[PDB]
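Trainee: Below is the file input39.csv, with CSV, C-alpha atoms and all ligand atoms.
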```csv
chain,number,residue,atom,x,y,z
A,3,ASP,CA,210.8,-31.5,2.4
A,4,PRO,CA,214.6,-31.0,2.6
A,5,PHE,CA,216.9,-31.9,-0.3
A,6,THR,CA,220.5,-32.1,-1.3
A,7,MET,CA,222.3,-31.0,-4.5
A,8,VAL,CA,225.9,-30.8,-5.7
A,9,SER,CA,227.6,-27.6,-4.5
A,10,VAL,CA,230.1,-25.6,-6.5
A,11,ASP,CA,231.9,-22.1,-6.4
A,12,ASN,CA,230.1,-20.6,-9.4
A,13,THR,CA,227.5,-21.2,-12.1
A,14,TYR,CA,230.1,-22.2,-14.7
A,15,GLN,CA,231.2,-25.1,-12.5
A,16,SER,CA,227.6,-26.0,-11.8
A,17,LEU,CA,226.9,-26.2,-15.6
A,18,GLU,CA,230.2,-28.0,-16.3
A,19,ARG,CA,229.4,-30.6,-13.7
A,20,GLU,CA,225.9,-31.4,-15.0
A,21,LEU,CA,227.2,-31.5,-18.6
A,22,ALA,CA,229.7,-34.3,-17.5
A,23,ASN,CA,226.9,-36.5,-16.3
A,24,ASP,CA,225.7,-39.3,-18.7
A,25,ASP,CA,222.2,-37.7,-18.6
A,26,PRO,CA,222.6,-33.9,-17.8
A,27,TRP,CA,219.8,-32.7,-15.6
A,28,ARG,CA,218.2,-36.1,-16.1
A,29,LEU,CA,216.4,-34.7,-19.2
A,30,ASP,CA,216.2,-38.1,-20.9
A,31,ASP,CA,215.5,-40.4,-18.0
A,32,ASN,CA,213.1,-38.3,-15.8
A,33,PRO,CA,209.4,-38.8,-16.8
A,34,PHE,CA,208.7,-35.2,-15.5
A,35,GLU,CA,211.4,-33.8,-17.8
A,36,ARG,CA,209.9,-35.8,-20.7
A,37,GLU,CA,206.4,-34.4,-19.9
A,38,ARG,CA,207.9,-30.9,-19.7
A,39,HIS,CA,209.5,-31.4,-23.1
A,40,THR,CA,206.1,-32.6,-24.4
A,41,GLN,CA,204.5,-29.4,-23.2
A,42,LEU,CA,207.4,-27.3,-24.4
A,43,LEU,CA,207.2,-28.9,-27.9
A,44,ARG,CA,203.4,-28.7,-28.0
A,45,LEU,CA,203.6,-24.9,-27.3
A,46,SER,CA,206.5,-24.6,-29.9
A,47,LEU,CA,204.4,-26.3,-32.6
A,48,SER,CA,201.1,-24.5,-31.9
A,49,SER,CA,201.4,-22.5,-35.1
A,50,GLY,CA,202.7,-25.3,-37.3
A,51,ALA,CA,206.3,-25.5,-38.9
A,52,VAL,CA,208.8,-22.8,-37.9
A,53,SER,CA,210.9,-20.8,-40.4
A,54,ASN,CA,213.8,-19.7,-38.3
A,55,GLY,CA,214.0,-21.0,-34.8
A,56,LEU,CA,216.3,-20.1,-31.8
A,57,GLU,CA,216.9,-22.4,-28.8
A,58,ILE,CA,218.6,-20.8,-25.8
A,59,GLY,CA,220.4,-23.4,-23.6
A,60,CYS,CA,220.5,-26.9,-25.1
A,61,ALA,CA,222.2,-29.1,-22.4
A,62,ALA,CA,222.9,-32.5,-24.2
A,63,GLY,CA,220.4,-31.8,-27.1
A,64,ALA,CA,217.4,-33.7,-25.8
A,65,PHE,CA,215.0,-30.9,-26.7
A,66,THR,CA,217.1,-29.7,-29.7
A,67,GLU,CA,216.5,-33.2,-31.2
A,68,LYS,CA,212.7,-32.9,-30.8
A,69,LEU,CA,212.6,-29.3,-32.1
A,70,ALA,CA,215.0,-29.6,-35.2
A,71,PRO,CA,212.7,-31.5,-37.6
A,72,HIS,CA,210.1,-28.8,-37.3
A,73,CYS,CA,212.3,-25.7,-38.1
A,74,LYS,CA,213.4,-24.9,-41.6
A,75,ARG,CA,216.5,-23.3,-39.9
A,76,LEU,CA,217.5,-23.7,-36.2
A,77,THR,CA,220.1,-21.7,-34.3
A,78,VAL,CA,221.2,-22.9,-30.8
A,79,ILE,CA,223.2,-20.9,-28.3
A,80,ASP,CA,224.7,-22.1,-25.1
A,81,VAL,CA,227.2,-20.5,-22.7
A,82,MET,CA,228.9,-23.9,-22.3
A,83,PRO,CA,231.0,-25.2,-25.2
A,84,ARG,CA,230.5,-28.8,-23.7
A,85,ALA,CA,226.7,-28.3,-24.3
A,86,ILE,CA,227.3,-27.4,-28.0
A,87,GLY,CA,229.6,-30.4,-28.4
A,88,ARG,CA,227.2,-33.0,-26.9
A,89,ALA,CA,224.0,-31.6,-28.6
A,90,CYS,CA,225.4,-31.3,-32.1
A,91,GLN,CA,226.5,-34.9,-31.9
A,92,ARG,CA,222.9,-35.8,-30.9
A,93,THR,CA,221.4,-33.9,-33.8
A,94,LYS,CA,224.0,-34.7,-36.5
A,95,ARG,CA,221.5,-36.0,-39.1
A,96,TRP,CA,220.2,-32.5,-39.6
A,97,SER,CA,222.1,-30.1,-41.9
A,98,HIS,CA,220.0,-27.0,-41.0
A,99,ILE,CA,221.3,-26.3,-37.4
A,100,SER,CA,223.7,-23.4,-36.4
A,101,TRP,CA,225.5,-23.2,-33.0
A,102,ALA,CA,227.2,-20.5,-30.9
A,103,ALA,CA,228.9,-20.9,-27.6
A,104,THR,CA,227.8,-17.6,-26.1
A,105,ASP,CA,226.0,-16.3,-23.2
A,106,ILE,CA,222.5,-14.9,-24.0
A,107,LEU,CA,223.8,-11.6,-22.5
A,108,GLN,CA,226.4,-11.4,-25.1
A,109,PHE,CA,224.6,-12.8,-28.1
A,110,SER,CA,224.0,-10.2,-30.8
A,111,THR,CA,222.6,-11.1,-34.2
A,112,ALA,CA,220.8,-9.2,-36.9
A,113,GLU,CA,218.7,-12.5,-37.2
A,114,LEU,CA,215.0,-12.4,-36.4
A,115,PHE,CA,213.4,-15.7,-35.2
A,116,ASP,CA,209.7,-16.7,-35.5
A,117,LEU,CA,210.3,-19.1,-32.5
A,118,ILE,CA,212.5,-18.6,-29.5
A,119,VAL,CA,212.6,-21.4,-26.9
A,120,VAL,CA,214.0,-20.4,-23.5
A,121,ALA,CA,213.5,-23.1,-21.0
A,122,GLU,CA,215.2,-23.7,-17.6
A,123,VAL,CA,218.1,-21.3,-18.3
A,124,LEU,CA,217.3,-17.7,-17.3
A,125,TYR,CA,217.6,-18.4,-13.6
A,126,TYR,CA,221.4,-19.0,-14.0
A,127,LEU,CA,221.9,-15.3,-14.5
A,128,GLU,CA,223.2,-13.4,-11.4
A,129,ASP,CA,220.5,-10.7,-10.9
A,130,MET,CA,217.3,-9.1,-12.2
A,131,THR,CA,219.2,-6.5,-14.2
A,132,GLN,CA,220.8,-9.3,-16.2
A,133,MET,CA,217.4,-11.1,-16.7
A,134,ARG,CA,215.9,-7.9,-18.1
A,135,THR,CA,218.8,-7.3,-20.4
A,136,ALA,CA,218.6,-10.9,-21.7
A,137,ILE,CA,214.8,-10.6,-22.0
A,138,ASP,CA,215.2,-7.3,-24.0
A,139,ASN,CA,217.6,-9.1,-26.3
A,140,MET,CA,215.2,-12.0,-26.8
A,141,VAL,CA,212.3,-9.5,-27.5
A,142,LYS,CA,214.5,-7.7,-30.0
A,143,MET,CA,215.3,-10.9,-31.9
A,144,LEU,CA,211.6,-11.9,-32.2
A,145,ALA,CA,210.2,-11.6,-35.8
A,146,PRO,CA,207.2,-9.3,-36.1
A,147,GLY,CA,204.7,-12.2,-35.8
A,148,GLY,CA,206.9,-14.7,-33.9
A,149,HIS,CA,206.4,-16.5,-30.6
A,150,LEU,CA,208.5,-17.0,-27.5
A,151,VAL,CA,208.1,-20.2,-25.6
A,152,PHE,CA,209.3,-19.8,-22.0
A,153,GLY,CA,209.5,-22.3,-19.3
A,154,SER,CA,210.9,-22.3,-15.8
A,155,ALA,CA,210.9,-23.8,-12.3
A,156,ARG,CA,208.8,-21.6,-10.1
A,157,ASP,CA,210.2,-18.6,-8.1
A,158,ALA,CA,210.1,-20.5,-4.8
A,159,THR,CA,211.9,-23.5,-6.3
A,160,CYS,CA,214.4,-21.3,-7.9
A,161,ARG,CA,215.1,-19.5,-4.7
A,162,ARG,CA,215.6,-22.8,-2.9
A,163,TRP,CA,218.1,-23.6,-5.6
A,164,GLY,CA,220.1,-20.4,-4.7
A,165,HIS,CA,218.9,-18.4,-7.7
A,166,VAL,CA,217.1,-15.1,-7.8
A,167,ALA,CA,213.8,-15.6,-9.6
A,168,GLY,CA,211.9,-18.2,-11.7
A,169,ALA,CA,208.7,-18.6,-13.8
A,170,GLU,CA,206.3,-16.1,-12.2
A,171,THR,CA,208.8,-13.2,-12.0
A,172,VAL,CA,210.0,-13.7,-15.6
A,173,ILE,CA,206.4,-14.1,-17.0
A,174,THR,CA,205.7,-10.7,-15.4
A,175,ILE,CA,208.6,-9.0,-17.1
A,176,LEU,CA,208.0,-10.8,-20.4
A,177,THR,CA,204.3,-9.6,-20.3
A,178,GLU,CA,205.5,-5.9,-20.4
A,179,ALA,CA,206.9,-6.4,-23.9
A,180,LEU,CA,204.9,-9.4,-25.2
A,181,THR,CA,201.3,-10.8,-25.2
A,182,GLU,CA,200.7,-14.0,-23.3
A,183,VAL,CA,198.8,-16.4,-25.7
A,184,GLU,CA,198.8,-19.6,-23.4
A,185,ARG,CA,200.3,-21.2,-20.3
A,186,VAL,CA,200.7,-24.6,-18.7
A,187,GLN,CA,201.7,-26.0,-15.4
A,188,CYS,CA,203.9,-29.1,-15.2
A,189,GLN,CA,204.3,-31.1,-12.0
A,190,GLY,CA,206.4,-34.1,-11.1
A,191,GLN,CA,207.2,-36.0,-7.9
A,192,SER,CA,208.4,-33.2,-5.6
A,193,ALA,CA,208.3,-29.5,-4.9
A,194,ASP,CA,211.5,-29.3,-7.1
A,195,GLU,CA,209.4,-30.6,-10.1
A,196,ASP,CA,207.0,-27.7,-10.6
A,197,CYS,CA,207.2,-25.8,-13.8
A,198,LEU,CA,205.3,-23.0,-15.4
A,199,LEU,CA,205.4,-22.6,-19.2
A,200,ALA,CA,203.9,-19.8,-21.2
A,201,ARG,CA,203.8,-19.0,-24.9
A,202,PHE,CA,204.1,-15.3,-25.8
A,203,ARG,CA,203.4,-13.5,-29.0
A,204,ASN,CA,205.2,-10.4,-30.3
A,205,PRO,CA,202.4,-7.8,-30.6
A,206,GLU,CA,204.0,-6.6,-33.9
B,1,LIG,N1,223.6,-17.3,-19.5
B,1,LIG,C1,223.4,-18.4,-20.4
B,1,LIG,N2,223.3,-18.2,-21.8
B,1,LIG,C2,223.1,-19.3,-22.6
B,1,LIG,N3,223.0,-20.6,-22.1
B,1,LIG,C3,223.0,-20.8,-20.8
B,1,LIG,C4,223.3,-19.7,-19.9
B,1,LIG,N4,223.2,-20.1,-18.6
B,1,LIG,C5,223.1,-21.4,-18.6
B,1,LIG,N5,223.0,-21.9,-19.9
B,1,LIG,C6,222.7,-23.2,-20.4
B,1,LIG,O1,221.3,-23.5,-20.3
B,1,LIG,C7,221.2,-24.9,-20.3
B,1,LIG,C8,220.2,-25.3,-19.2
B,1,LIG,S1,219.5,-27.0,-19.1
B,1,LIG,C9,218.0,-26.6,-20.0
B,1,LIG,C10,218.1,-27.1,-21.5
B,1,LIG,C11,216.8,-27.1,-22.3
B,1,LIG,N6,216.5,-25.7,-22.6
B,1,LIG,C12,215.7,-27.9,-21.6
B,1,LIG,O2,214.7,-27.3,-21.1
B,1,LIG,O3,215.7,-29.1,-21.6
B,1,LIG,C13,222.5,-25.6,-20.2
B,1,LIG,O4,222.9,-26.1,-21.5
B,1,LIG,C14,223.4,-24.4,-19.7
B,1,LIG,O5,224.8,-24.5,-20.2
```
Hey, can you dump this file as structure tokens for me?
Ligand SMILES: Nc1ncnc2c1ncn2[C@@H]1O[C@H](CSCC[C@H](N)C(=O)O)[C@@H](O)[C@H]1O
Mentor:
Amino acid sequence: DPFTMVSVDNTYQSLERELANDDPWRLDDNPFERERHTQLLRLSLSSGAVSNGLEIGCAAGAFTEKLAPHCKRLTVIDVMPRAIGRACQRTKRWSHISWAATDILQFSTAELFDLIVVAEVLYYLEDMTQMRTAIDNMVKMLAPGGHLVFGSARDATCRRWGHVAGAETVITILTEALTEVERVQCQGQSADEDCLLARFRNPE
């Protein structure tokens, strides 16, 4: 069925607009987003407590808040300063969270993480060369036994949203460097609410 979304000149403005909503991306108020988060957290916790976690793309901190109590240390990156601002207010009781306003394309640490969560973010990149670059970066920052928990709207949905690729395409690329340990589908009320999540292990 046909649908309507806000229309902007670039991805920065798209992000900035959602981050100015009371509930960005409806991540608090949408039962589908809550169920997605349940799956995302179930996958993240599959191996128990995390030593050094990374969250890539935090919106207003809805998932950060669910993840934080289970990581000894948590780092959170987001290309939008407004996302860091909203999320760190949400998680203020925790003293073990670090933040950086950076694009995943530009993020370079010597840090290795035993969990990287990358959900509903990689389709904002402009093309497949950027996705690969970001994926290589994520693979590089995985600890020798660590897991990567990925989630995304499907390819078709992503293409309807004006983006280049979604879940199936990224899973394919992820699989060249990493070992798939599990996956889950997540479906809501419409074609737009149809998500694939997969948990990958670093064969290392
Ligand atoms: N290239 C990029 N690098 C880092 N963060 C990005 C980014 N492109 C978009 N983002 C951020 O990714 C977030 C997407 S909303 C998804 C949030 C969370 N992962 C969840 O599943 O609920 C926003 O905070 C947006 O600002």
Trainee: Which residues form the shell of 7 Å around ligand LIG 1 (chain B) when you count all atoms listed in the file, given as a ChimeraX atom specification?
Mentor: /A:17,27,29,39,58-62,64-65,79-82,85,104-107,120-124,126-127
Trainee: Please compute the CA of residue 40 (chain A)-CA of residue 100 (chain A) distance, one decimal, in Å.
Mentor: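 For CA of residue 40 (chain A) relative to CA of residue 100 (chain A), the distance reads 23.2 Å.
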Trainee: Around (216.5, -13.4, -7.0), as given in the file, which residues come within 9 Å? Count only C-alpha atoms and list them as JSON, numbers by chain.
Mentor: {"A": [125, 128, 129, 130, 157, 160, 161, 164, 165, 166, 167, 168]}
Trainee: Pick out the residues sitting within 7 Å of residue 92 (chain A), and hand them over as a ChimeraX atom specification; count only C-alpha atoms, and ignore anything fewer than 2 positions along from it in its own chain.
Mentor: /A:63,67,88-90,94
Trainee: Atoms to include: C-alpha atoms. Write the selected residues as a tab-separated table (two decimals), in the coordinates of the input.
Mentor:
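Below you can see result19.tsv, which holds the result:
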```tsv
chain	number	residue	atom	x	y	z
A	63	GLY	CA	220.40	-31.80	-27.10
A	67	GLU	CA	216.50	-33.20	-31.20
A	88	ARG	CA	227.20	-33.00	-26.90
A	89	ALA	CA	224.00	-31.60	-28.60
A	90	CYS	CA	225.40	-31.30	-32.10
A	94	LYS	CA	224.00	-34.70	-36.50
```
Trainee: Kindly indicate which residue among A:197, A:119, A:51, A:102 lies nearest to residue 66 (chain A), using all atoms listed in the file for the distances.
Mentor: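 Going through A:197, A:119, A:51, A:102 one by one, the smallest distance to residue 66 (chain A) is for A:119.
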